[PDB]
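These notes concern the structure reproduced below.
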Amino acid sequence: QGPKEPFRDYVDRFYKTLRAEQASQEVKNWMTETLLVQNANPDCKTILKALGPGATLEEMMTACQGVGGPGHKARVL
Amino acid sequence: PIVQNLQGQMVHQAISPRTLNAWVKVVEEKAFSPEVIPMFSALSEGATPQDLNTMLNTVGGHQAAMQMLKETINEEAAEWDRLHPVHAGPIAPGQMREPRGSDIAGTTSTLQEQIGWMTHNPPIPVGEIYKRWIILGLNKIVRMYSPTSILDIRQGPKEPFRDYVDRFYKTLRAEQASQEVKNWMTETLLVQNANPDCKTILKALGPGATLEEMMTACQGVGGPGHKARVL
Amino acid sequence: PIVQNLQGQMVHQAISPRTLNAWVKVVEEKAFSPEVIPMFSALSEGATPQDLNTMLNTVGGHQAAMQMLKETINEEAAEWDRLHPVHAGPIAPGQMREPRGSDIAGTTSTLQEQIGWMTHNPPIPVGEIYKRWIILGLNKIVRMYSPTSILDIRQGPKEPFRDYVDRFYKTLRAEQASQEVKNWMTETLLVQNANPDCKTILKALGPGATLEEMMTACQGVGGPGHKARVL
Amino acid sequence: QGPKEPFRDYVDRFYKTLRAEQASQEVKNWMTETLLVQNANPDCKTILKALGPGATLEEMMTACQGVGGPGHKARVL
Amino acid sequence: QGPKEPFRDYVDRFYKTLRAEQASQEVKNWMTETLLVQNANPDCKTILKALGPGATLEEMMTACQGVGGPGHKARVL
Amino acid sequence: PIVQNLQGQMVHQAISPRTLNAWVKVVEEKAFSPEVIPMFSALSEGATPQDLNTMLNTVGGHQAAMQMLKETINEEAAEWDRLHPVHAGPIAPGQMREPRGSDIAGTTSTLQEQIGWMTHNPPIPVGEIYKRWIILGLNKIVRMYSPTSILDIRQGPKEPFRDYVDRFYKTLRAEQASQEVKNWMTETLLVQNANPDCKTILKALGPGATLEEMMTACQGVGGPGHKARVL
Amino acid sequence: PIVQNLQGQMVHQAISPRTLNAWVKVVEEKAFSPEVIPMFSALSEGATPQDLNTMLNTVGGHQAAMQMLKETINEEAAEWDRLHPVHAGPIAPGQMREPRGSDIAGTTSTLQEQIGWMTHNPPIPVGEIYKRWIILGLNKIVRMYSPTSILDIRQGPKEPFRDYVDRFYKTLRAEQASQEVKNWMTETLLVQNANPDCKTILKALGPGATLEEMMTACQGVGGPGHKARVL
């Protein structure tokens, strides 16, 4: 993920190439835990690390609809 | 999907490619819009579990939303399997082996066996429950999509009542709440977030006001007439 | 909808997706126009209550207007047991329950119950009544859509009769009045609302002058009744 | 109704004209209901709009009787 | 009702003398509809008249809970 | 009212003088405050309508409110006498004749007769309904006595959450709304009418916490989210 | 509460007006102070959930603590029900149901029903349990009340030991920590938080002794204001 690249584009790019997985279901789950913070840009990585381990995709998706993209307005409630 | 009754016993016919092209076009045009959720239900006919995954699997770009939805389906399927028509141990020969959470879907069920448990004895609503779980996942996706809350909608200095109302209904559509709660709020929130000029007109409408009367009251130019000095 | 005649008894099937696509596109572009109202009546042959309900729920851009229609169906359903027969409550075993006000639509009664009372016993016009109520809602939407009144619509100084008369007809569609009263109003209307250039030749056709004769005169004069200088 | 014209003169002038109209009752009732409010002066029109739809001449005149003058307030003339 | 006397002050005074009236219950109720507006000041009276005929004490109190002071935009101190 | 069981069958006794004097003083001290509503129910020990009516009849200065309460009680009696069974005119000998809506009232009933229906034939709940009607009228009075309402509550620029919530708790017993609505209102109101400094603190805590947890979060931060710290 | 036993069987008498006034006045004048907790034990002679609930509901302006306390009671009732589910559901004919965890709450069960399981059949201490739950709620409330914390206490320059020791003991009331931990803390805090002039006196007194001996020395040396200033 680039510094000006939004989180949603990065997630779509990950899921789009994950279609071509050609690998185990166990491996996909195992990768999914680390990959999101691992390939993240420095701007969004701080939040992803703050959420930390033991978080589902729904929980992370909910958190990430609050951070937005570069030059955006803050979200609160 | 399964079809035929009065002209003989039901037969599973392959879903139309025209419908698949329309689904791709709807996804390209407005993937995350709330209007997609009843459109999917409306197009769905003769629930055969295997066919229900075709809409999910033929999706283009927004694969991530479908993958998140599958985790919701898995949670619902597991909850159903363990708390509702739960079965585990031995069962008599020939029996349809009381379907498990994964077996309700095409994931661990093969088509000839699946069709067999649908047509041999009285209907089993396996596709119907699976379809309900998809609606529960779709309800989450519109919530994830939404960028504005119910309170974020306000009428600016030069913004018409018509376009203010449009935005209020658009965020209300994605609010996912009780019918009573939506109504109880609608009476005050429109008045609270309205611009001063229109707010005086709205404030004197009074309690128990119908949407039809609100539409007739707000129809004209909204010039001189009413005076709020009593509330 | 329920359909089948020549081959045997009627069977509940789904609306064509090809027709649904055609309906969706005209609704996207001509949403509040009365030209879509005959399409609704013509295409809704053999209507089943649940299927009619899907059309209302799948609304896009023009959602706010549709919410007033949702309220109207509920009020009409209530009126159907308050002004029209409430029809007791208790019923002897082996009879199909019979439809109460909310049972006319999809709100409280099931599809199996709807098909059951339309097939087992003489057909009940529940789909026709709901269709009638939806059309009544469309007439209300057209009424609220209207932006101008008969007195307000006056022909501009550079405006021709052909473009003015179109605005009068568009305005007239939303007036909801008896034909005799509309004729009675129409009689002096064209000379009353015409511009000064148009009025001199328009009133020169004789006593009153029928609308076809006014159109005939309009054809010969050309443009706003003067040659050249259009813009 | 002009700027200083009262409702009593205005309604009487309308009835003086109405009697010579020689036309069906439904047409008369239909034009009567909307015309009086529309051709009323701004000051009286505001009160007529506040009173609003429903009833017939008896209740409307009864309300107008209590309102008095050419609108605004009592203690002018 | 005086210039700066709110409805709450005025209504308490009206019921204070009604305690000592010693009259028929029907007559007291029947008189009350006219008496409340009759002894009201013109600023308060205009809004009381705007509520129209057939208005209960509860309805009048509900209106008087939103009238504001001895008439809005006029000093109370 | 009527009291006694172990020592023998029920005997009539009048209301205590300290209770009556305390009731007079509480009205002088605290007027129509919502705290008086549970206190009045506690003070009114033994529900005999004629004795309960004595508390209403001994009220001082705030007589104007009592007239509205009296009319409210008359409306409630009218509702009771109409909606619930009216019963036959004559009655079989030995029976005391069942109380009507107006029989609850002190004006229609005689005390010996009133005690009779609470000690001869099975006890009629006349006191329970008479108190219910009075409580319903007192509920209307707190709305009239209110100087502000929930959507008019707002946190000032320097106000700490303690000052803001002290005011909210004072108007809380003037809400008189359903628990379902009240829970939703409590969740929504506090965050949206908060000052910008407090909004950051509330945002940091976020949804998914108890009243105690939110209060603990507010307690720890100090002042409106920081203030003077001379240590 | 249910009064006496010597004369015969227990008799339900509503809470005394004098006790109710005294309780309401103490809450008003001392607010949310730690001293209100033993006063609650003192003014609650005879324990019945409904009567105890009425005392909480009679409180004036100071409603906020009562609302927080009410939520805490609900949690404790829920906890008792899931902690002990052994007697849950239907019971044999002749038994009056007997309390469930939620029936202990004054907002759940009825007054006659509450007395029934306190003396008409085997006594369950529901009132004493409700009092204990209230005390747990009060322990939580004094955390909110507290304005200064032990390590932030610094004795002023002209401030004497008598003000300082009083402040320390008053502050320590709301910590709810065990006596062994409190006694261990008490050993070093007194010389640590002391001002320079009083600190040397405590250092001089040194290890061993007891609070009476330390206070005896401090009381004997007098105030910090000297008449030479060797201090």
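Residue numbers (the deposited numbering), protein chains in the order written: chain s, 155 to 231; chain t, 1 to 231; chain u, 1 to 231; chain rE, 155 to 231; chain sE, 155 to 231; chain tE, 1 to 231; chain xE, 1 to 231.
Just so you know, even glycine gets a beta-carbon here, dropped at the ideal spot from N, CA and C.
Neighbour-count burial assignment, residue i, 16 or more Cβ in a 10 Å radius
i       : result
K182/sE : exposed
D51/t   : buried
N57/tE  : exposed
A92/t   : exposed
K158/tE : exposed
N193/u  : buried
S109/xE : buried
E76/u   : buried
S44/xE  : buried
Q112/u  : exposed
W184/s  : exposed
Partner residues on chain t for residue i, Cβ-Cβ distance less than 8 Å
i      : result
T216/s : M144
Residues that residue i bridges to, as DSSP identifies them
i      : result
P93/tE : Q95/tE
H12/tE : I2/tE
Contacts of residue i in chain tE (Cβ-Cβ under 7 Å)
i      : result
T188/t : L151
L20/xE : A42
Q9/xE  : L6
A64/xE : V165, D166 and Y169
Chain-ordered neighbours of residue i on chain t, where CB pairs are closer than 7 Å
i      : result
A14/u  : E45
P224/u : Neighbours of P224/u on chain t: none; closest Cβ ~29 Å, over 7 Å.
Closer than 9 Å at the beta carbon, the chain rE residues around residue i
i             : result
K203/sE       : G220 and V221
residue 232/t : Any answer about residue 232/t is impossible in this case: the structure gives chain t only from 1 up to 231.
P196/sE       : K227, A228 and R229
Contact set between residue i and chain t, taken where Cβ atoms lie within less than 9 Å
i       : result
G127/u  : Here the premise fails: no neighbours, minimum Cβ distance about 16 Å.
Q192/tE : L151
Contact set between residue i and chain sE, taken where Cβ atoms lie within less than 7 Å
i      : result
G60/tE : Result: empty, since nearest Cβ-Cβ is about 10 Å, beyond 7 Å.
Contacts of residue i in chain u (Cβ-Cβ under 7 Å)
i     : result
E35/t : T58, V59 and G60
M39/t : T58
Chain-ordered chain rE contacts of residue i [CB-CB under 7 Å]
i      : result
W184/u : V181
Interface partners of residue i on chain tE, CB under 8 Å
i       : result
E212/sE : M68, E71, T72 and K140
- Query: Taking any Cβ of chain u, which residues in the segment 164-182 of chain rE have a Cβ under 7 Å from it, in chain order?
  - Reply: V181
- Validate contact between the segment 195-207 of chain t and the segment 60-79 of chain u using beta carbons, cut 8 Å, 3 pairs: no
- Closer than 8 Å, Cβ to any Cβ of chain sE: which residues of the segment 68-86 of chain tE, in chain order? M68, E71 and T72
- Is the segment 86-106 of chain u touching the segment 28-46 of chain u, taking contact as three or more C-beta pairs under 8 Å? Between the segment 86-106 of chain u and the segment 28-46 of chain u there are fewer than three C-beta pairs closer than 8 Å, too few to call the two in contact.
- Message: Can you confirm whether the segment 18-36 of chain xE touches the segment 132-150 of chain xE when touching is taken to mean that 3 or more C-beta pairs between the two stretches lie within less than 8 Å?
- Response: yes
- For the 8 Å Cβ check, are there 3 or more pairs between the segment 63-73 of chain xE and the segment 114-126 of chain xE? no
- Are at least three pairs of beta-carbons, each pair with one atom in the segment 205-213 of chain u and one in the segment 167-176 of chain u, less than 8 Å apart? The way I'd put it, the segment 205-213 of chain u doesn't touch the segment 167-176 of chain u; fewer than three beta-carbon pairs between them come closer than 8 Å.
- Message: I'd like to know if the segment 13-26 of chain tE and the segment 15-22 of chain xE are in contact, where contact means that at least 3 CB-CB pairs between them fall below 8 Å.
- Response: yes
- Message: I'd like to know if the segment 159-168 of chain t and the segment 126-135 of chain t are in contact, where contact means that at least 3 CB-CB pairs between them fall below 8 Å.
- Response: No, they do not touch.
- For the 8 Å Cβ check, are there 3 or more pairs between the segment 109-119 of chain t and the segment 1-15 of chain t? Result yes; three or more Cβ-Cβ pairs closer than 8 Å.
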